[PDB]
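Given next are the chains, with one letter for each unit.
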Number of protein chains: 4
Amino acid sequence: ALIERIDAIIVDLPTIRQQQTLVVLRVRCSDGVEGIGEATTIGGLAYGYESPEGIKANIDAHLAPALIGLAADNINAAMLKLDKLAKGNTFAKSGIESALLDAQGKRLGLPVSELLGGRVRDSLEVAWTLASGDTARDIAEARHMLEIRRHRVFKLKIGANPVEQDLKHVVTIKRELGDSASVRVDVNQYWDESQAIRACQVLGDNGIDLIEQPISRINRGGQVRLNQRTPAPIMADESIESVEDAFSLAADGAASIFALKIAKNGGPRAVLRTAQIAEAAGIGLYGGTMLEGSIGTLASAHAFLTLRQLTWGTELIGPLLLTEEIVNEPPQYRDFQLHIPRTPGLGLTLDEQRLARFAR
Amino acid sequence: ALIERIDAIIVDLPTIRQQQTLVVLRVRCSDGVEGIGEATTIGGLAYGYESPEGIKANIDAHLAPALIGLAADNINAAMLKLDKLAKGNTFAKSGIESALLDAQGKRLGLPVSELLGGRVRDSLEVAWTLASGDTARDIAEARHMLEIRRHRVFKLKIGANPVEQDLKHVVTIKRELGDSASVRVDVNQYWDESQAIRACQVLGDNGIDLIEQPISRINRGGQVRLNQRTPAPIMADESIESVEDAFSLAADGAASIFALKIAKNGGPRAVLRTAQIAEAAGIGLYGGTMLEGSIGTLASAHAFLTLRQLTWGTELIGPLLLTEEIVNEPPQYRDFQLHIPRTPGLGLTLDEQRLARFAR
Amino acid sequence: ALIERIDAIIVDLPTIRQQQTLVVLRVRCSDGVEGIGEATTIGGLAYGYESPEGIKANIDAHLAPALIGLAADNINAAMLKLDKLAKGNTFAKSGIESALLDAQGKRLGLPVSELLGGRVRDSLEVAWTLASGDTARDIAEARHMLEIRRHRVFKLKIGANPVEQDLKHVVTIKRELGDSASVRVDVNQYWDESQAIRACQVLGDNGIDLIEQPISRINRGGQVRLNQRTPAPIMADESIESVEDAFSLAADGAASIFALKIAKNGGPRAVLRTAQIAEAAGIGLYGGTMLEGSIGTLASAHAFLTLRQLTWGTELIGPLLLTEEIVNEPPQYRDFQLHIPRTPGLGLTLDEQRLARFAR
Amino acid sequence: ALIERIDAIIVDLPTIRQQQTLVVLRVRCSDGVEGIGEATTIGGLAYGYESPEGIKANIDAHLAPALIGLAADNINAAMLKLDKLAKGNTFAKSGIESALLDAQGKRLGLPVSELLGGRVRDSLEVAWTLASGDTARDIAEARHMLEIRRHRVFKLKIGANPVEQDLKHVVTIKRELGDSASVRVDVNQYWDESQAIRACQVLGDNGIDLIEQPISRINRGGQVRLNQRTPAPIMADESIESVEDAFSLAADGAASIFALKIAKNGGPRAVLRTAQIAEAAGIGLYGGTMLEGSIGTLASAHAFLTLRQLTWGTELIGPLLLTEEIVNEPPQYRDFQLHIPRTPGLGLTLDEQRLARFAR
Ligand SMILES: [Mn+2]
Ligand SMILES: [Mn+2]
Ligand SMILES: [Mn+2]
Ligand SMILES: [Mn+2]
């Protein structure tokens, strides 16, 4: 089996919020098997180097031509060839690898998790991001998600408002929920170390379980210092933009938890390299997401099932934010977790109608 | 346009406290344009290496003669020539650079902030130093400044009295003001690390937002340790006596905030080098002052407007302490900020009458 | 003056050894002034994250729309707005900044170097890369360049062949040329630290003046160790992919020389931030290039003229490799240097005919 | 005895190679005893923060008025009062302290060395700076100084010419002299670490005994690295601008030898603090000079005699460069050393005629 054609499709799907833009990869193999992948980001170029437009342009002009004609079954050789001719471009590489893994799983009749070694679980705990901006509305959304047993872990994106305001908001939510839920925050690099010093103390003293990426990745020593002084553990996300970054942060002791994202590492196999690094150092794990639809969510999930332990769960909620999908199989969210079937590949098939409907 | 003449005038102005001594620079260019600058310090030689007397002596004998005849429009070449023949002498260099930037802005019809790249704001938040020594009098002054909306951020100079006394004073002020104001302290290198250990803890636990230069610049490790243990962030001021010092402190992680002072770095362009260093490391900013009159205040301000972010505001209140000025344009303080116009140069002109009146 | 339109044109120019692809930016301002910039790389995605295709796609979809309507004269505000909405994308940002600086220089009648503060020199020393692969042919090319007084500094790209082979080649060239020329090498991250240990020793012992980027940027400690043990100084290039990286490498002591590249930092102003960082730490400078044509070469050059010192010269030879250009003014290479005129902006104008001829 | 009057006199003396400017201090005490001191520098502001003009201005306006009326016999109280009201200003402080020590020695009938604890030697080894610029001329001067037994240790100021040129020059001199003389160099901060790496190797491999201040004081890590890799020991000079700097460099391991200069530390007593710091760390000593005339030379010498060991000798040759002096007692240079008598104070008296003749 050889790689015959690779198509990168930009798709715009409506959300429950606006719209989320996905880049759907379709890799056609000579044996008739097709693999699907996804390379999605949030906000164009605001949360990463790659945009949907840049992703497609590079796949069409550089990445795809390098794979046409190669063995579809030798994923390692294929991905290494891409590393040789393309620096960075992890999101694009992630979609491509997901597609190849999908096709290979359909080919051998195995789920991607098994191709990756074997799953140790069939479901993953999912955290919900409360984003209404209104405290009361957030507490209500949280009590609802707990009632229908969909989520018991909650994440709050803070940092865009005055520090004191975000702190009042977060503390009130953890106060009202008590130990019924786990409350975590994500500052998305919005604070500088001077703001984080007091902020981390207040959050940790008020029952917040973890503070995700409080300060910018450019401030390495700041991360190392906060990792030593913050009452609540510090998790790295944006600081990891490659597997090599994870090693660096581990050797430095810059975070006690790593967020694992296939798009930021280069694919399901790459994210496993990062997880292995963290495991060798004693660093806790969390399954992250770039708000991908089902393809990317399942591609991530399949990799997370092989992990010995994910101390802090995952946030694979991307499909729940979309009102329309481009796959035929809707994800199974029940009892605070996401359930992954044992069907071949990613266990998904494209809805050609909706794909054509939402493709730009 | 060539530099024709440079005059350094020592001026003694009365304050609302005593008197403040300024060194006014007047640079005459062959195209008829004149630039004005200021090199001021506090207390002769008590807060720095340069005194008004030493500043004038060096400008007349060494610095000025090196510039006469050079292109007034090539500020870089001019300032680099001064670095080559004069070690240190940052205050004097600061006045000279401010004067050249002023003249160049009048020449091209641009405000100094635009010569420096472009402003991202038109006003700066100003902090007021409560200095009566009497707690009740300070709280009263603070409630007054809040009422007329002039200041909502306050700074207290402590360290000259027994530690416990200064702590009682500061805590009482923050207590009475509540979260209506931001209270910060400046110890002016008065404590040794042994005194600061408990002092910083008490201050941080009682709502003080930042502790400025608690210990001496000679104790580097002490700064690094306090930066790691103080509940309230540590800001460096006296430790920065050059741009290279800022790099050093950044690499060491000796403070999470840098005070930017044109006089301590060598001018508006130099202070920007320091700010860039701090930005590259994730270090927060604050616009400092050496209690300069309008010339030096505006020269500082014009540089601070180009900054992406000044997390902790500024303390450009120098003109408010003087009862008489030597410029014709009084500064605009309204709604807790200092407002900077878009007029050419520094946007100031000398009052020849008052200058002659207060010159010694 | 407002930014009215921005066009990103991919141009393919033939070289003396294939073709080089440039992305020409044309920024049209409401006052009728037009600025030109360039965002070029080598080998698609092999020497960086950005390809010509990705660069254009991002400019058309994200970067340009954010600037239309803003003041063309406030470059700082414009570039900071880009940092706020786009992570990375330094090559694209570089072309845009070069274009804005060009237009602003034509507008005020000043050369870009003066907009950047003022030049301290009018020409820059240029190094030539011997790339024939054949030792005898390289020595011949070097003796020729010396005869016509075009180059007296030479750089050799090594690392793609067995270590011993590359070493024999380099040592032979330095031997035949003697102290008539300066011989330097660039390994382009090709070696791992284990290979570099002996390689750096042999090179340093045989008169090679500097070893550029011997090992990969992922190996930080390796860089710090080689910086301490290599008999010949170590220069960082690929390790700097941002201004913040420069600070990091400086604080770490990972290289004694920094290669300055506008494309890797984000523009002429950004490259100056990096240079300032290195200067504050005592790190030597070298003017690098991404093999840009005249636009990018001049944009770089104009920034390097403001530098106090460039201990190791530059490699602004890009135009000499192209057989055809898209500008009307050919660069002046005479007496081992590149000469930069004092004309407004970049001092260049587009040849509409050739542009149309080579645009794809 | 009280301090009645202090006079700072700028004196211009002709040299054997121009003119050297001294600031002579005369402190008059109520008991009729007068003390003389000297605050001299090289090149105005090129080798330090203080110029003769700035030194006099600060003494007349700030330093002197703080001492009038105090006990002339309590030097500690007097010098500490100066530290309290004046930051830096070490050259000025040095002249004043030398004057007070002089007067106190005449008063008690003891040589300054005894006031400082007691001498362990009566003479100091003196090194000669070969400065003709011409290699042959330097070798000739060195063979002459050896013949008349005046100097057997030689220092070469390098760094202003291309590295290779300075290296050829130095190596030739050490080669021709052989082990008849000790050859050392002083780079006066002229090189950056990248240039020093190879330069220090060549110098150390060719018999140069020590390399003084190869790189700038701003590059701290560079000093620490060179201290570890240079085959010839590294001596710090400009890096010490205060006693606290010495501690810092010692704790860092930035140099294996410290140059002791009374002007850079604040006086004969201060220089002893620095020497004590180096001794406690195992750092070797060298008696430096700012090219002072006899007053400053003797003030330095008297302090160096109390030292347990000065591994690398001294460079107290200042008087030998002047054609005219302002004291009545010429210094005794015989048998490679400077001989210090056991007369009271500094053992010098002013020649009122020549003083009046050369005072400006
Ligand atoms: Mn995150
Ligand atoms: Mn302060
Ligand atoms: Mn390179
Ligand atoms: Mn020296």
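Residues numbered from 1 in each chain as written, not as in the entry; some residues may be left out. Chains lettered and ligands numbered in written order. Part of a larger assembly, values for the part shown. Heavy atoms only, no water. Residues with missing side-chain atoms left out of burial classes, pairs and counts.

> Which residues make up the packing of helix α3 (residues 90–108) of chain C against helix α11 (residues 268–281) of chain C, and what values go with them?
All names here are of chain C. Packing of α3 against α11 leaves a shortest axis separation of 8 Å and a crossing angle of 110°. Taken as axis vectors, α3 and α11 run roughly perpendicular relative to one another. Facing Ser94, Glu97, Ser98 and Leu101 of α3, the residues of α11 in contact are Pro268, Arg269 and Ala270. Grouping the amino acids of the contact of α3 with α11 by side-chain chemistry returns 3 nonpolar, 2 polar and 2 charged. (Axes fitted to C-alpha atoms, helices over the stretch in contact; angles between N-to-C directions. Helix = DSSP H or I, 4+ residues; strand = E, 2+ residues; numbered from the N terminus. Parallel < 35°, antiparallel > 145°, perpendicular 65-115°, else oblique. Contact = heavy atoms within 4.5 Å. Nonpolar A, V, L, I, M, F, W, Y, C, P; charged D, E, K, R; others polar.)

> Describe the interface of chain B and chain D, with residues and values.
Counting from both sides, the interface comprises 20 residues of chain B and, opposite them, 20 residues of chain D. Taking both partners together, chain B and chain D bury about 1,700 Å²; carbon and sulfur atoms supply 64% of that area. Interface area lost by chain B to chain D is led by B:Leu45, B:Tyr49 and B:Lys87, which between them contribute 33%. The interface formed by chain B and chain D includes 0 salt bridges. Along the contact surface separating chain B from chain D lie 10 residue pairs in polar contact. (Buried area = accessible area lost by both parts, 1.4 Å probe. Salt bridge = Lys/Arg side-chain N within 4 Å of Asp/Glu carboxyl O. Polar contact = N/O pair within 3.5 Å; in protein donor to acceptor, adjacent residues only side chain to side chain.)

> Give me the lowdown on the relation of the copies chain B and chain D, citing residues and values where you can.
Take chain B, turn it by 180°, move it 0.0 Å along the axis, and it overlays chain D with an RMSD of 0.0 Å. Given the turn and translation reported, the copies of this chain are related as if by a two-fold rotation axis. For chain B, the minimum C-alpha distance to the rotation axis belongs to B:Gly54 and amounts to 2.3 Å. (Least-squares fit on C-alpha atoms.)

> Can you lay out the interface of chain C and chain B for me, pointing to particular residues and giving the numbers?
One frequently used descriptor of interface size is the decrease in accessible area upon assembly of the parts. Residue-level contacts link 24 residues of chain C with 24 residues of chain B. For the pair chain C and chain B, the two sides together bury roughly 1,900 Å², of which 63% comes from carbon and sulfur. For the interface between chain C and chain B, the tally reads 0 salt bridges. Counting the contacts that link chain C with chain B gives 8 residue pairs in polar contact.

> Break down the coordination of the manganese ion (ligand 4) for me, with residues and values.
Residue and element names in this part refer to chain D. Taken together, the protein ligands of the manganese ion (ligand 4) are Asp186 (OD), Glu212 (OE) and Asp237 (OD), with distances of 2.4 to 2.6 Å. Donor residues binding the manganese ion (ligand 4) come from one chain and are separated in sequence as D-x25-E-x24-D. With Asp186 in strand β7 (residues 182–186) and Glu212 in strand β8 (residues 211–212), the pair connects residues that are 26 residues apart, well separated along the chain. (Donors = N, O, S within 2.8 Å, 3.2 Å for Na, K, Ca; no water.)

> Break down the coordination of the manganese ion (ligand 2) for me, citing the residues and quoting the values.
Residues and elements named next belong to chain B. Every protein donor of the manganese ion (ligand 2) is accounted for by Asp186 (OD), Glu212 (OE) and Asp237 (OD), and the metal-donor separations fall at 2.4 to 2.5 Å. Counting gaps between the donor residues of the manganese ion (ligand 2) yields the pattern D-x25-E-x24-D. What makes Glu212 buried here is its relative accessible area of 1%. (Buried < 20%, exposed > 50% of the residue type's maximum accessible area, 1.4 Å probe, protein only.)

> Residues and numbers for the UniProt feature "binding site: Mn(2+)" in chain A, please.
All names here are of chain A. Under the UniProt annotation, "binding site: Mn(2+)" lies at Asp186, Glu212 and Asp237. In sequence the annotated residues extend across 52 residues, while in space they remain close, none of their C-alpha pairs exceeding 9.4 Å. Setting aside anything within four residues of it in sequence, one finds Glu212 in contact with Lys155, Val185, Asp186, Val187, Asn188, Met235, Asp237 and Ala259. In terms of polar contacts, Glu212 uses its side chain to reach the side chain of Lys155, at 2.9 Å. (UniProt positions renumbered as here; feature names shortened; annotations may be inferred.)

> Mind laying out the relation of the copies chain C and chain B, listing which residues take part and the relevant values?
Placing chain C over chain B gives an RMSD of 0.0 Å and needs a rotation angle of 180°, together with 0.0 Å of translation along the axis. Taken as a fraction of all interface residues of chain C, those also at the interface in chain B reach 100%, which identifies the copy contact as same-surface.

> Talk me through the UniProt feature "active site" in chain A; I want residue IDs and the actual numbers.
Residues and elements named next belong to chain A. Summarizing the sequence annotation, UniProt attributes the feature "active site" to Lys157 and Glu315 in the numbering used throughout. In terms of the greatest pairwise C-alpha distance, the residues named above, spread along 159 residues, form a tight cluster of at most 12.9 Å across. The topology assignment puts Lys157 in strand β6 (residues 153–157). Not counting the four nearest positions on each side in its chain, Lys157 is found in contact with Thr129, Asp186 and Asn188. Looking at where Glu315 falls in the secondary structure, it is placed in the loop between α12 (294–304) and β12 (332–334).

> Summarise helix α12 (residues 294–304) of chain B; cite the residues concerned and give the values.
The α-helix winds at 3.6 residues per turn, so residues separated by three or four positions along the chain end up facing the same way. Burial analysis of α12(B) places 11 of its 11 residues in the buried class, which makes it a mostly covered element. For α12(B), every residue scored as buried is listed here: B:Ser294, B:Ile295, B:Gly296, B:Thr297, B:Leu298, B:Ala299, B:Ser300, B:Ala301, B:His302, B:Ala303 and B:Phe304.

> Kindly report on helix α8 (residues 220–229) of chain D, identifying the contributing residues and their values.
D:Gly222, D:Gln223, D:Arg225 and D:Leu226 are the residues of α8(D) that are buried. Take α8(D) and look down its axis: the buried residues cluster within an arc of 165°, on one side only. Next to the buried residues of α8(D) lie α8 (220–229) of chain C together with α7 (193–205), β9 (234–236) and α9 (243–252) of chain D. Backbone nitrogen of D:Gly222 and a side-chain oxygen of the N-cap are separated by 2.8 Å at the start of α8(D); the cap is D:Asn219. (Arc of directions from axis to C-beta.)

> Talk me through the sheet that holds strand β2 (residues 19–29) of chain B; I want residue IDs and the actual numbers.
All names here are of chain B. What the 3 strands build is an open sheet, ordered β1-β2-β3; its pairing is antiparallel. The open sheet has two edge strands with one neighbour each: β1 (3–14) and β3 (34–38). Each adjacent strand pair in this sheet contributes to an overall mean axis angle of 20°, direction not counted. Taken together, the 5 bridges between β2 and β3 define a ladder with antiparallel strand orientation. (Pairing = 2+ DSSP bridges.)

> Requested: an account of the side chain of D:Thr314, with residues and values cited.
Residues and elements named next belong to chain D. Following the sequence through the fold, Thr314 ends up in the loop between α12 (294–304) and β12 (332–334). The class of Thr314 is buried, set by a relative accessible area of 1%. A polar contact is formed between the side chain of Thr314 and the backbone oxygen of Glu125, at a distance of 2.8 Å. Apart from residues no more than four positions distant in its own chain, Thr314 is found in contact with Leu124, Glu125, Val126, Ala127, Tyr286, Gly287 and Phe304.

> Please give an account of the pairing of strand β1 (residues 3–14) of chain D that cites residues and values.
Residue and element names in this part refer to chain D. Burial of β1 is extensive: 9 of the 12 residues sit out of reach of the surface. Inspection of the sheet shows β1 paired to strand β2 (residues 19–29) by 11 bridges, in the antiparallel sense. Residue pairing across strands places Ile3 opposite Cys29, the latter belonging to β2.

> Quick one: what's the story with the pattern of salt bridges, residue by residue and with numbers?
All names here are of chain A. Per the counting criterion, the structure on display carries 116 salt bridges over all chains. Among the ionic pairs, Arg360 bridges to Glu53, the shortest N-O distance being 2.9 Å. Residue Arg360 is found in the segment after α13 (352–358), and its partner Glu53 is found in helix α1 (residues 52–67); the two are separated by 307 residues along the sequence. Here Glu212 and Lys155 are joined by a salt bridge, their closest N and O atoms 2.9 Å apart. Of this pair, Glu212 sits in strand β8 (residues 211–212) while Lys155 sits in strand β6, and the two are 57 residues apart along the sequence. Each member of the pair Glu212 and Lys155 is classed as buried. Each of the salt bridges in this network shares a partner with another, and the network as a whole consists of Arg5, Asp7, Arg26, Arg28, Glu34 and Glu352.

> Account for the sheet that holds strand β12 (residues 332–334) of chain C, naming residues and giving values.
All names here are of chain C. If you walk across this open sheet you meet the 3 strands as β4-β13-β12, and the pairing is antiparallel. Sheet topology places β4 (123–125) and β12 at the edges, where each strand pairs with a single neighbour. Strand after strand, the sheet turns through a mean of 25° between neighbouring axes, direction not considered. Examined bridge by bridge, β4 and strand β13 (residues 337–339) share 3 bridges and lie antiparallel to one another. Its bridge partner lying in β13, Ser123 is registered against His339.

> Mind laying out the packing of aromatic side chains, listing which residues take part and the relevant values?
Scanning all chains against the criterion turns up 3 aromatic pairs over all chains. Note on A:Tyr49 and C:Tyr49: the rings are 5.4 Å apart at their centroids and 5° apart in plane angle, and the pair reads as stacked. Of the two residues, A:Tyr49 is situated in the loop between β3 (34–38) and α1 and C:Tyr49 in the loop between β3 (34–38) and α1 (52–67); the pairing between them involves two chains. Take A:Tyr49: its relative accessible area is 32%, and that puts it in the partly exposed class. Ring centres of B:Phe247 and C:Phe247 lie 5.5 Å apart, and the angle between their planes is 70°; this geometry places the pair in the edge-to-face category. One end of the pair, B:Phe247, is in helix α9 (residues 243–252); the other, C:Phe247, is in helix α9 (residues 243–252), on a second chain. For the pair B:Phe247 and C:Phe247, a shared accessibility class is recorded, and that class is buried. The aromatic ring of A:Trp128 is capped on one face by A:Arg150, whose charged end is 4.9 Å from the ring centroid. (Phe/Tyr/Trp six-rings, centres within 6.5 Å; stacked < 30°, edge-to-face > 60°. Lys NZ or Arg CZ within 6 Å of the ring centre and 35° of its normal.)

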